[PDB]
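K.L.:
Position one of the sequence shown corresponds to residue 1856 (the deposited numbering), numbered consecutively onward.
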Amino acid sequence: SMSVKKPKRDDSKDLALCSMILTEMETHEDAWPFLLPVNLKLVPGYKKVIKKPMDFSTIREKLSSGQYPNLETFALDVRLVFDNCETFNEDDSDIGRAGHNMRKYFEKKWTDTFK
């Protein structure tokens, strides 16, 4: 509350560490469904059904240009990529399995780096 603060957590390396995690996600073999925005002219249903599209390139541009105020807003966009994938793709598809694998990979790096 006013003039009463918990001790200051060091957040000065967060930007660098989220960049490293994102590099690792970009270079995973199962990243291919997620590297670029889904083409809304060529994929029927996507525009109407997926209210907030997100992809790794879009996260990388936001990260590089100071559009994440803190590490939690970064994790929300990464998880959005996987939540959108589950909304649109069957679990038993290559893309559906890719998304489960990537979410697992991300969540371990997130815990090991910050928790």
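Think of the CB as a built atom: it goes at the ideal place given N, C-alpha and C, for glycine as much as any other residue.
Measure the alpha-carbon distance for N1925 versus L1897 and round it to whole angstroms.
P.N.:
So the two alpha carbons sit approximately 34 Å from each other.
K.L.:
Measure the alpha-carbon distance for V1893 versus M1875 and round it to whole angstroms.
P.N.:
Going from the Cα of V1893 to the Cα of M1875 covers about 24 Å.
K.L.:
Using three-state DSSP, classify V1904 as helix, strand or coil.
P.N.:
Helix, per DSSP.
K.L.:
Which residue from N1939, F1911, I1950 and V1859 puts its Cα closest to that of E1879?
P.N.:
Looking at the Cα atoms, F1911 is the closest of the given residues.
K.L.:
When the Cα of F1969 is compared with those of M1857, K1861 and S1867, which residue comes out closest?
P.N.:
Checking every option, the nearest Cα to that of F1969 belongs to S1867.
K.L.:
For residue 1971, does the count of other Cβ atoms within 10 angstroms reach 16, so buried, or fall short, so exposed?
P.N.:
No answer is possible for residue 1971: the residues shown for the chain start at 1856 and end at 1970.
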